[PDB]
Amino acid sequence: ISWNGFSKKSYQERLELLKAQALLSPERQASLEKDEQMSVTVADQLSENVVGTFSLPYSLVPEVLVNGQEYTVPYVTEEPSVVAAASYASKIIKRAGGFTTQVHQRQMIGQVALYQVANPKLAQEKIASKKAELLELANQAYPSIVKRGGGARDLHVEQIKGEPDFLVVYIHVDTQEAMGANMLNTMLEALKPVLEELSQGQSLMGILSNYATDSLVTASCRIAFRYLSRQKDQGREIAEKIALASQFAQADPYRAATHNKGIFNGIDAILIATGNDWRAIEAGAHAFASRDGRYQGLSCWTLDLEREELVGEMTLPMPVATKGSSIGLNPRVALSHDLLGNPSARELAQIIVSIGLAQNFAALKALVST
């Protein structure tokens, strides 16, 4: 059923159109129609010193085509035009064939930092030769994840120079559908004593890394000039300027911040809708943006002149989750996951990166157009 006029329709009419799309079960549609909120009692369980609740808008971005599957995407944002722009971007890219996306890996990285290591090279050697035993020790400490087919998968050790020197042990862990912060905290605590013994050093801390390079996800889109503007040669102008806009963000940190901000107008909105920790996704992606020695734009837009196409691409660390307290307790979050056809964390991650690149597309097109 057509989605056009959805923006101009009234709140009641939007709800009836959504109902007509038959995306939600009777209970979820009713829940949405009485705008069921998470209660103070439930809020009081999630957080501390709770004295009430706080509301933001809940919107829909329809027609998000990811790998030939269409989604109606939920957004939570307080910013005017963020949703309109994501919706507009999404429709264009759908006409153009939607997004093509891949998950390169899905693992969480945990680290233990050791210091007062007399012989870092010898220590590094011992720990790395004891790798399989150490992985077994982490997996025994958290047997709940091995039974579900995940667990600790790899281990490496780095000498990091400085004031003072640190010997850092990284574990790589399949956490399946979970974020993994508690899991990795427990696994890493089990390893501390043996790591101290083997290194003859003191363990400083054992903690998940929000720099999730074992969970990179890339999205691309391929947009023919005729979808950018029907007027003759105007599509090429627009695409040219978007490519220049992309180059500008590679060149100037002052542009790149803003460029990457716009991407996260979309990303944080759906992360909130899905009960995901946006602080974590923000940190990893913004760290990723500075990996080649300077802070740069997270996406790139280039031209295919023979095919007459605008190409957009983006890789982000996206260790999102489909289970967790907020997902279990906030009834709108459960609704959001149902609305999305209950994607696995992998599929959700591919939708989120796509949303990011859509949001970016509308931002650049608006900025560079007369």
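Don't overthink the numbering: it's just position in the shown sequence, from 1.
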Name the higher of the two by mean Cα B-factor in the PDB entry, 282 to 290 versus 201 to 209. 201 to 209
Mean Cα B-factor comparison, 173 to 181 or 146 to 154, giving the higher one as deposited: 146 to 154
Specify which of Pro80, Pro74, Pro193, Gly110 carries the largest Cα B factor in the deposited PDB entry. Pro193
For the C-alpha B-factor as written in the entry, point me to the maximum among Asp338, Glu306, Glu48, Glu63. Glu306
By the record's CA B-factor, is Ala96 among the lowest, middle or highest third of residues in the chain? middle
Taking only the Cα B-factors deposited for this chain, tell me whether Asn330 sits in the lowest, middle or highest third. middle
Name the third of the chain's ranked CA B-factors that contains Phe264, choosing lowest, middle or highest. lowest
Taking the entry's C-alpha B-factors for this chain, is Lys232 in the lowest, middle or highest third? highest
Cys300: C-alpha B-factor third of its chain, per the entry, is the middle
